[PDB]
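Note that these values count all heavy atoms, side chains included, but never hydrogens, waters or copies made by symmetry. Naming: A, B, ... by sequence-line order, numbering from 1 per chain.
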Amino acid sequence: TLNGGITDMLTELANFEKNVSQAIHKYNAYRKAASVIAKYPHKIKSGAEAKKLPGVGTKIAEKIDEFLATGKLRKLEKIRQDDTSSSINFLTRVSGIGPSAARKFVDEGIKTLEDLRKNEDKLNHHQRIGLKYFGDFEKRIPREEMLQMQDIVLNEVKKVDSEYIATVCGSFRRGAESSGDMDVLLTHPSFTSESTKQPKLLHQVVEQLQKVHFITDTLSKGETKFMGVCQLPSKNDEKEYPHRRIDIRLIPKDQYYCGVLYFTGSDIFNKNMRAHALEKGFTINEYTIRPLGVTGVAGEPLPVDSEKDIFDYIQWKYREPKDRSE
DNA sequence: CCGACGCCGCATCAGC
DNA sequence: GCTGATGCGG
DNA sequence: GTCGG
Ligand SMILES: Nc1ccn([C@@H]2O[C@H](COP(=O)(O)OP(=O)(O)OP(=O)(O)O)[C@@H](O)[C@H]2O)c(=O)n1
Ligand SMILES: Nc1ccn([C@@H]2O[C@H](COP(=O)(O)OP(=O)(O)OP(=O)(O)O)[C@@H](O)[C@H]2O)c(=O)n1
Ligand SMILES: [Cl-]
Ligand SMILES: [Cl-]
Ligand SMILES: [Cl-]
Ligand SMILES: [Cl-]
Ligand SMILES: [Cl-]
Ligand SMILES: [Cl-]
Ligand SMILES: [Mn+2]
Ligand SMILES: [Mn+2]
Ligand SMILES: [Mn+2]
Ligand SMILES: [Mn+2]
Ligand SMILES: [Mn+2]
Ligand SMILES: [Mn+2]
Ligand SMILES: [Mn+2]
Ligand code: NA
Ligand code: NA
């Protein structure tokens with residue numbers, strides 16, 4: 001892409017800060033800079049030019065000047081050669097292993113894929129499954145396959161209870177031609193902000209998808225959020241499709257608009273949008289947008305009858321999902 | 001300079 | 001068992 | 001690491 005070298009550098013720095021340094025704000029700062037640069041419609045010729053963009057400061061401007069001059073960043077060359085940093089970074093690529101578990105594993109002499117495989121008993125359930133499908137989870141999902149997965153989820157959901165509505169969100173809803181995984185928002189009239197009238201609303205759906213061998217494993221599961229693994233069925237003599245991550249979030253039906261804005265994202269879009277709301281005197285979560293009282297305490301949920309209504313409250317023009325890929 | 005940086009679900013642990 | 005901190009994830 | 005105040 002236009003400034004791909006810079007955004008890659010920044011993304012790598014972000015990862016280092018999160019996984020190694022354990023500095024979440026630095027991680028977020030770097031990702032924010034990469035995101036604003038990614039969107040910038042000119043090929044950046046200097047750090048000064050980049051510094052004009054919001055989120056890009058003095059330190060990043062300097063790194064951009066070094067990157068542009070040399071094609072490299074010394075700081076990253078160093079980090080790349082450091083054994084602890086490199087090991088910690090790799091372990092964190094397994095779902096369920098974060099910065100803390102990675103550093104602990106590397107402490108115990110567990111630091112390669114092979115090491116993990118021969119110490120399964122040191123992993124929790126999530127981590128065990130993340131390792132099992134490590135290779136598959138590296139692969140992206142063509143949109144054509146997302147469409148196939150959408151049909152299966154939507155039709156299977158209908159067979160449990162025709163009152164369910166399932167909406168594929170995440171990168172798919174933002175129009176991506178390929179997705180890292182599948183994200184599904186689920187509703188049912190028996191679960192609203194004002195009561196849960198049926199039990200097992202999410203469970204029933206997971207069971208059904210498992211029953212037809214779509215869902216193959218579970219990373220975690222509660223009453224409103226399921227994290228697992230799924231796989232398209234392959235044809236006769238046809239090689240198997242990769243295993244894919246799937247996230248399903250059951251949302252109170254009357255709070256669909258807040259939930260769908262939330263689950264559509266992107267994650268950076270959300271951080272940016274929620275931060276602006278705070279600046280504007282509001283707080284947005286997946287359920288409500290609420291006013292901030294003077295004390296700084298949230299008040300009553302404001303009326304919402306569209307995604308647009310939420311943008312309006314905070315004085316932002318509506319942005320279609322495809323324009324929320326930050 | 002500096003205080004804030006999105007907001008919440010589920011798994012695991014420490015403490016009682 | 002419960003409750004609140006921490007990890008890791010959406 | 002950045003930015004408003
Ligand atoms: N998972 C879903 C999907 C949608 N709906 C209902 O369906 C309506 C709109 O249908 P749909 O086109 O599928 O969603 P949106 O286009 O995002 O909503 P709208 O066009 O009304 O703004 C929403 O008001 C919502 O009440 C729901 O309850 N649960
Ligand atoms: N830190 C995060 C992570 C995720 N999300 C929400 O959860 C959605 C799904 O998460 P994820 O699958 O990780 O993001 P995608 O945008 O779908 O990216 P990908 O193509 O890799 O799946 C995001 O889009 C966003 O709406 C969020 O609010 N904050
Ligand atoms: Cl930090
Ligand atoms: Cl480099
Ligand atoms: Cl360093
Ligand atoms: Cl859909
Ligand atoms: Cl709320
Ligand atoms: Cl769109
Ligand atoms: Mn992904
Ligand atoms: Mn996704
Ligand atoms: Mn996801
Ligand atoms: Mn597989
Ligand atoms: Mn703003
Ligand atoms: Mn996290
Ligand atoms: Mn400033
Ligand atoms: Na700037
Ligand atoms: Na991980």
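- With distances taken from any side-chain atom of A:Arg245 to the nucleotides D:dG1, C:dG9, B:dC10, the minimum falls on C:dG9.
- South puckering is assigned to the sugar ring of D:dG4, since its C1'-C2'-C3'-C4' angle is below zero.
- Regarding A:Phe282, its CZ atom lies at a distance of 16 Å from the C1' atom of B:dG6, rounded to whole Å.
- The shortest distance between the side-chain N/O atoms of A:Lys225 and the OP1/OP2 oxygens of B:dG9 is not below 4.0 Å.
- For A:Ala275, counting side-chain heavy atoms from C-beta on, the closest listed nucleotide (B:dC7, B:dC10, B:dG6) is B:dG6.
- Contact between the side-chain N/O atoms of A:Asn285 and the OP1/OP2 oxygens of B:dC8 is found at a separation under 4.0 Å.
- C:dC8 atom P lies 13 Å from atom CE of A:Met227, rounded to whole Å.
- Side chain of A:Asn124, nearest nucleotide from B:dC8, C:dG7, B:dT12: B:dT12.
- The nearest whole Å value for the distance from the CD1 atom in A:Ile268 to the P atom in B:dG6 is 11 Å.
- Atom CD in A:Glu286 sits roughly 18 Å away from atom P in C:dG9 (whole-Å rounding).
- As a whole-Å value, the separation of A:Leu91 CG from C:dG7 P is 17 Å.
- Ranking B:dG6, B:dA11, D:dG1 by closeness to the A:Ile60 side chain, first place goes to D:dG1.
- Distances shown here put every side-chain N or O of A:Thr58 at or beyond 4.0 Å from the OP1 or OP2 atom of D:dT2.
- Nearest to the side chain of A:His25, among D:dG1, B:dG6, C:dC8, sits D:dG1.
- Side chains of A:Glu326 and A:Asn272: a donor-acceptor N/O pair is present below 3.5 angstrom, by distance only.
- Separating the CZ atom of A:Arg31 from the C1' atom of B:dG6 is a distance of 13 Å, rounded to the nearest angstrom.
- OP1 and OP2 of C:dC8 both lie 4.0 Å or more from every side-chain N or O belonging to A:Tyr27.
- What separates NZ of A:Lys271 from P of D:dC3 is a distance of 16 Å, to the nearest Å.
- A stacked arrangement is not assigned to A:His126 and the six-membered base ring of C:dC8, the conditions of a centre distance below 5.5 Å and an interplanar angle below 30° not being jointly met.
- In this structure, the CG atom of A:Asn15 is 15 Å from the P atom of D:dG1, given to the nearest Å.
- The shortest non-hydrogen separation linking A:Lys18 to A:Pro99 is O-CG, 3.3 Å.
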Practice problem: Verify side chain to side chain donor-acceptor pair (under 3.5 Å) between A:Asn89 and A:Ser86, making sure each step is shown before the conclusion. | Solution: CA-CA 5 Å; A:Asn89 270 329; A:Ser86 303; over 6 Å; no

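- Between A:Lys59 and D:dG1 there is a side-chain polar atom (N or O) within less than 4.0 angstrom of OP1 or OP2.
- For A:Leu278, the listed nucleotide lying nearest its side chain is B:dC5; candidates were D:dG1, B:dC5, B:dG9.
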